Amino acid sequence: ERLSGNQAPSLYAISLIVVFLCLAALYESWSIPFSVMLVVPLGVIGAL
Amino acid sequence: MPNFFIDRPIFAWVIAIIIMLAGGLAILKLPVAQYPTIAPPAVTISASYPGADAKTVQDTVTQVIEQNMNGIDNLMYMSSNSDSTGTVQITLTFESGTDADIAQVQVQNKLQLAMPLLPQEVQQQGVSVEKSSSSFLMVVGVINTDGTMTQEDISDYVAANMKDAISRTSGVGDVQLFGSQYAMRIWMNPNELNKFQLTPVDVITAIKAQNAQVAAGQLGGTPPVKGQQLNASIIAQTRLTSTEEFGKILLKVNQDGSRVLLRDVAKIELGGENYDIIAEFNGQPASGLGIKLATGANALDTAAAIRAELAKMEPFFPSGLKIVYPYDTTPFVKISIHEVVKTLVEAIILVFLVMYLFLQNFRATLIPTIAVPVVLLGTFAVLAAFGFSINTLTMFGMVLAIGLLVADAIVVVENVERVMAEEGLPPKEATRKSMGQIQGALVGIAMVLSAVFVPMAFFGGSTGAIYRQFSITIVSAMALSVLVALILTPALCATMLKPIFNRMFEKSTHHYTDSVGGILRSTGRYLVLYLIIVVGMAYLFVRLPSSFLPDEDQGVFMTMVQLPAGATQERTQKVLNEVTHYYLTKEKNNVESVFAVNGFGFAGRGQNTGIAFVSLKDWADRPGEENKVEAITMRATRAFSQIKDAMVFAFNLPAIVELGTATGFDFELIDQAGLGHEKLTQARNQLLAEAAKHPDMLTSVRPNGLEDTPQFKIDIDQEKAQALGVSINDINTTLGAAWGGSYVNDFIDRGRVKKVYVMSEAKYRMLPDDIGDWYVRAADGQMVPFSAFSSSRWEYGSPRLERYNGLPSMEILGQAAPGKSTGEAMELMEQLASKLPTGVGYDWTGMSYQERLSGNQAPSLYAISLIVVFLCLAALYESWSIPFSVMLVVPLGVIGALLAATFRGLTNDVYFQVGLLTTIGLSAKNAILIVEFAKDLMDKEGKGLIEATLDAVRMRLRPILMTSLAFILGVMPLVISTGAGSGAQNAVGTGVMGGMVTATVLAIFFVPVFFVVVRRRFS
Amino acid sequence: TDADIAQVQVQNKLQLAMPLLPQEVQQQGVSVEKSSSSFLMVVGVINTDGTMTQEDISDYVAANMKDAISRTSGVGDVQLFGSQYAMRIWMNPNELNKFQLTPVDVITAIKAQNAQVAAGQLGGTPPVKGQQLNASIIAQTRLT
Amino acid sequence: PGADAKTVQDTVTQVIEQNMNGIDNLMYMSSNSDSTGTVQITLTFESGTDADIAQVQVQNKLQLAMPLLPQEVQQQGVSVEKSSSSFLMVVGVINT
Amino acid sequence: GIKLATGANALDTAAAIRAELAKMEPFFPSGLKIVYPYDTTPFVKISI
Amino acid sequence: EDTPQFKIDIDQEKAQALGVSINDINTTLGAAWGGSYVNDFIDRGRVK
Ligand SMILES: CCCCCCCCCCCC
């Protein structure tokens, strides 16, 4: 239990890096992925 | 594929970041050692039978064990020893790739079923099945300053307070002591045993009785009575804890009412379990801790954790006890890898300066400053995929790989700059024009260079384990370099490379094409000049000594004193006090410390054998070529030549401590017909005296074992022992326990189980006249001397007996003469051994076993190279006779390496053979891009075969000088470096840079010769 | 099933039971082995002249041939069609009767007088200061 | 058999535990020692380890501890089992 | 009589038994000869 | 939690003076109060 909750923050970090780079390698623009990595806090707040 | 990046510079940036993030989190999770596992897996059975000579050990322990080593998988050979110390060492060597944990359990399960077949005293000592990977990470020595703690006071403190937590602190493998802990120690006095009519048998019987453990049950146990209210586990007489309690042990009571106790006939100390080895550190007494390294651990992080833990023990020590470090190769592996990472980082700097010389724009020099450290990082990400480590072998694979990386980002980076010059193409339209040229002969670079290095990982058997460490890390830095040439390289030229020094007036005014155009007029005069190079490289290659790995200054060397036969422990301690005295009054300015071990040497463990762990100063505190181990061991061996009644040979460590040597063999001599030991020595002396009359082929031939020594036979008469009525199992027990020692049972000291030994006191077992002080009871109570039933004599016997594959043997070490190869010396030895007496065989072991089973692998895998390199170049061009123009550049790079190795004193070790193939790699890469352009100018234009060759050579002249000048200067500190780890980089650096001088100064002339001469033959 | 691990798991659970066996079973050798049910081959050894009997060949192919074949990789176990030599003592109940001897007295005499004895050393460790000699002491050996 | 819990603690349990180091993948150890004389030493490995590679690595350095144990343990035999702690099911048997 | 271990190749084992027997033949006493009265592996080779 | 125990303490030399052996004592105290596995028998075809 203190291994799940201790590595969780690093799961959220490397999962946001991958979805950022997969987005920039598809829609070209560096500003595109930044348009949508701002939408992640809008959906996390309803989850919790 | 590189033209898909017409409009995707970002998608090139994404998967460049992915390679830098795969390589970034790989370095932080990758093992760091000095060397990989080169030696094949080997498992050592160690048994011990105290008091026994070599024959009692062999006939009761050694043959019984090895008649049960069967059904074990992947076993190459097996070889055992039998000392007069009383020790067995059976080594079982397995094939490469054998799971050493699986093979070890199979060895110990066949031995666990053979434990009821061994003597009971061997079962009490316990056999050990350990994986022999003998590489001391670092030796923790422990000494007292003033001295109240003796040899065994320190060794018991280490094993009870220091050994347990060093076995912790993750990354530590097995630990191993220089000494033994305490034991309760009964020194018998045969005068009182004669006086009270006791034997040593009566002493042994009363100690097993009055020191035991009792199961006693419970109060209110199960089934109870009804209405029971109480449980209590009851405790009975436990083991003894103190020295005073052993003295009070009743032996017998005389009829007049007197107690005959143990301390009345003996004296009882608390001493070591054995007294065979005594260890000193600068003369004052010491202990020690050899430490091994685990799997998947760093060698730089455990030594930073052991030493960080020994600082958390130095408060709690007794006042006087400190820690020294007589053997620590970790500063050598810390510097010598950091001095290769400095070559990597200052290779990217020299790219940045060479390309600001030749090109005069800042925005172009950033482009190989990006693409070269991406492929370096991606090579670390693929070593973790294969499961490798950061070691010396895979870091010089980097250094040699940074000639290809430099050559893959100078080519095309330059070609984009060239098509922007002769026409005003914008930087995106010009980058596609470069992909019309450098695309197809760039994925042919990727596949010709695979066939140079991929059939090198298939070299087998503890020498191809070294070549596989180079061949993975170079094909990795060649496959990504191409992948980083089509992607994230062209992209960096379509962007950030903006359109449109009195040296260009000298460089571009070159009469090179005026020279080459006169060479093509006269090709026959220089075609025979090429044959002088082919014969010149086919002679310097043959006349060259062979080697494995260069000698290096470890900071620590060795010294081996070996006394004659029958020598004692004080007579060997006398010489080690004269060797320690040498290094502290004659070599004061070089050596910090000397750790003398009296008792153990190469493989014997007699009292006439000793060794010293001489550790030098820091390399920065010890300058000069005169102050290295190449000279210090030379200049001490001169000084230890006039010492008498000893052989004291100071020497340097090898590269891998557990390999053999080059130009040297390792020979066995088996008696496969039951001849005997004296029939095998006469076959051994016949072979050596016949191998000494071939001095031009065989040098330094010798036996590895020991020669026969006088030993003191005692001989019981049987009727004299029965007419007196004494039993032989009382006679042999009195002789064995007193003179040899007898482990009896255990006791508990400070909550720690420790042994109890029974042996005679030292002043009653030194001489053959002390036999007359030992009497034995008869059945009726008479004390009978040993002279009353037993004579004695002196006779020869073997202090060390060897067996090989279950049959007796005598190992023979030798080496080839200066100027001849090993297999020529190895076929002579088996022409001499076919003239031996009938029933004597031979076999090859060690490194000679590997060299025999892998004979035609070097010309048979390079034959598969030359077919695939031919086919991948016949694929690239449109003709079958087009590969020639390229394949004949191979003697042009090798000729400079064979010169640069003989004008310095080098040798074709494993660092010179990897350096050839990376100069064969660069000369063939440059030759492809010449005759690619010259073949395209014939097809897409109307160039007539000399207009094509001269046009293509002047437009490839500029990059072929950039990647040569960047990589001469890159490895140029490697040929000048001295001291700290510079043995390897002088070997890899010199054979490269002298070999690629003659690939850029002469290769730029013969490739335009070969492109024209070949296709006028096949027009 | 990985038969390497499946044969470790057998003699894991067998060495729990092995000290619960008769002593004569243990000193003959208990063996665990990964093998086929039937023979891969048979290697027959004959004598083409007649200087060796049937039990002279079986001793040679056990002392000199059986152990190196069983160390060859792939060989599960070896079945010898014969037996090697033993020192074979054929007692006689009438002379044992005539001298009031039993087979126990035969066995006890052989264990005493056929022994390989560990007898120590002259000048072994820890020595007296000034010791100048070191030599092994040779007591009884095996009968040959 | 028939030993105080402190006596098996320093003659048996610690003797095993200073040898159980260097085994690959190790999360923790937890041993116990009763007054019956019984000791079990759980060697919890980290998840993803082959439980049969780990069972033969804990076994080939258990066997170099038999030279250091009291000799009464070698007749009962010190086991090593691929282990478990919870019951999958209980099968009861009654009489009617 | 030679039993084959579990998993071992029958032809690689039989070819490795003949390599050991060839090393014992130089040291036989005179008149002693190896015969091959039963071998299941020549079927495996000659049928393929 | 810490149980009361019953340390019975067989003194050596008092037993040595009375003429008893310690090994007949220790197999008397153990067999009576704890029990002793002697050997095996066969109940309905099983070694018990
Ligand atoms: C992504 C590039 C992977 C390169 C892998 C190198 C393979 C080398 C094989 C050499 C023979 C074992």
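First to last, the protein sequences are chains A, B, C, D, E and F. Just add 865 to the spot in the first sequence (first one is 1) and you have full-length UniProt numbering. With full-length UniProt numbering applied, the second sequence covers 1 to 500, 516 to 1034. Just add 97 to the spot in the third sequence (first one is 1) and you have full-length UniProt numbering. Just add 49 to the spot in the fourth sequence (first one is 1) and you have full-length UniProt numbering. Just add 289 to the spot in the fifth sequence (first one is 1) and you have full-length UniProt numbering. Just add 721 to the spot in the sixth sequence (first one is 1) and you have full-length UniProt numbering. Think of the CB as a built atom: it goes at the ideal place given N, C-alpha and C, for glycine as much as any other residue.
I'd like to confirm something about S880/B: is its beta-carbon nearer than 7 Å to some heavy atom of ligand 1, or not? Not so, every heavy atom of ligand 1 lies at least 7 Å from the Cβ.
Identify each residue in the segment 149 to 168 of chain C for which the Cβ-Cβ distance to at least one residue of chain B is less than 7 Å, and report them in chain order. Along the segment 149 to 168 of chain C, the positions whose C-beta sits under 7 Å from a C-beta of chain B are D164, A165, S167 and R168, read in chain order.
Give the straight-line distance between the Cα atoms of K498/B and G460/B, rounded to the nearest whole angstrom. For the pair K498/B and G460/B, the Cα-to-Cα distance works out to about 52 Å.
Counting only Cβ pairs nearer than 7 Å, list the residues of chain C close to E309/E. Using a Cβ-Cβ cut-off of 7 Å, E309/E is close to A165, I166 and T169 of chain C, given in chain order.
If the cut is a Cβ gap below 7 Å, which residues of chain A does residue 508/B touch? Within chain B, residue numbering steps from 500 directly to 516, and residue 508/B belongs to the interval with no atoms modelled.
Which complete alpha helix (DSSP H) runs does the segment 32 to 88 of chain B hold, if anything under 4 residues is left out? Whole alpha helix (DSSP H) segments, 4+ residues: 54 to 57 and 63 to 66.
Would you identify the three-state DSSP class for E314/B, choosing helix, strand or coil? Coil at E314/B, not helix or strand.
What's the C-alpha gap between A209/C and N81/B? Taking the straight line joining both Cα atoms gives about 28 Å.
Is the beta carbon of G854/B closer than 8 Å to that of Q687/B? In this structure, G854/B lies closer than 8 Å to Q687/B by Cβ.
Please list, in chain order, the residues of the segment 216 to 239 of chain C that have any C-beta partner in chain B closer than 8 Å. Interface annotation for the segment 216 to 239 of chain C against chain B: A216, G217, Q218, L219, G220, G221, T222, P223, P224, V225, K226, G227, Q228, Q229, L230, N231, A232, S233, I234, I235, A236, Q237, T238 and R239, criterion Cβ-Cβ distance under 8 Å.
Considering only C-alpha positions, which residue in the set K835/B, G387/B, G756/B and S46/B is nearest to residue 1074/B? Residue 1074/B is absent from the structure shown; chain B starts at 1 and stops at 1034.
Host alpha helix (DSSP H) of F458/B (start-end): Per DSSP, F458/B belongs to no alpha helix (DSSP H) and is neither H nor E.
Candidates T169/B, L816/B and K267/B: closest to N191/B by CA position: That would be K267/B, whose Cα lies nearest to the Cα of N191/B.
Is the closest heavy atom of ligand 1 to the C-beta of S471/B under 7 Å? Flag set: Cβ of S471/B near ligand 1.
Taking 8 Å as the threshold (beta carbon to beta carbon), is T91/B in contact with chain C? With 8 Å as the cut-off, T91/B does not count as an interface residue toward chain C.
So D156/B and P565/B are in contact, right, with Cβ under 8 Å, and what is the actual spacing, rounded? That belief does not hold up - the Cβ atoms of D156/B and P565/B are roughly 43 Å apart, past 8 Å.
DSSP bridge partner residues for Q218/C (one or two, in chain order): Answer by DSSP bridge pairing, in chain order: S233/C.
Check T624/B in the structure and name its three-state DSSP category. Note: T624/B maps to strand in three-state DSSP.
Assess contact between the segment 390 to 397 of chain B and the segment 414 to 425 of chain B, defined as three or more Cβ pairs (one per stretch) separated by less than 8 Å. Is contact present? Counting Cβ pairs under 8 Å, fewer than three are found: no touch.
Entirely enclosed beta strand (DSSP E) segments - the segment 522 to 556 of chain B, minimum 3 residues: Those beta strand (DSSP E) runs which fall completely within the segment 522 to 556 of chain B and span 3+ residues do not exist here.
Please state whether DSSP places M825/B in a helix, a strand or coil. In the structure shown, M825/B sits in coil (DSSP, three-state: anything other than H, G, I, E or B).
Taking just the CA atoms, how far does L344/B sit from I402/B? Taking the straight line joining both Cα atoms gives about 8 Å.
Specify the secondary structure class of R815/B as computed by DSSP and reduced to three states. Three-state result, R815/B: strand.
Residue-level contact to chain D via CB, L118/C, 8 Å cutoff: No, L118/C lies away from the interface with chain D (no Cβ there is under 8 Å from its Cβ).
What number of angstroms, rounded off, separates the C-alpha of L891/B from the C-alpha of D529/B? If I take the Cα positions, the gap works out to 30 Å.
In the structure shown, what three-state DSSP assignment does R717/B receive? When secondary structure is reduced to three states using DSSP, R717/B falls in the strand class.
Assuming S775/B is part of the beta strand (DSSP E), what are its boundary residues? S775/B -> beta strand (DSSP E) spans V768 to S775.
Whole-angstrom distance between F682/B and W859/B, CA atom to CA atom: Rounded to whole angstroms, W859/B and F682/B show a C-alpha spacing of 5 Å.
List the residues of chain H that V105/C touches, going by C-beta distances under 7 Å, in chain order. Considering every chain present, this structure includes no chain H. Its protein chains are A, B, C, D, E and F.
Cβ of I204/C less than 8 Å from any chain D Cβ? Cβ-Cβ to chain D under 8 Å: no for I204/C.
What number of angstroms, rounded off, separates the C-alpha of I186/B from the C-alpha of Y772/B? When rounded, the distance between both Cα atoms is 6 Å.
The beta strand (DSSP E) enclosing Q284/B, as first and last residue numbers: First-last of the beta strand (DSSP E) with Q284/B: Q284 to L293.
Local conformation of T243/B per DSSP, three classes: The answer is helix: DSSP assigns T243/B an H, G or I state.
Is there at least one Cβ from chain B nearer than 8 Å to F316/E's Cβ? Interface residue, yes.
Would you call the segment 250 to 259 of chain B and the segment 135 to 152 of chain B touching, i.e. three or more CB-CB distances under 8 Å? With a cut-off of 8 Å, the segment 135 to 152 of chain B and the segment 250 to 259 of chain B do not count as touching, because too few Cβ pairs lie within range.
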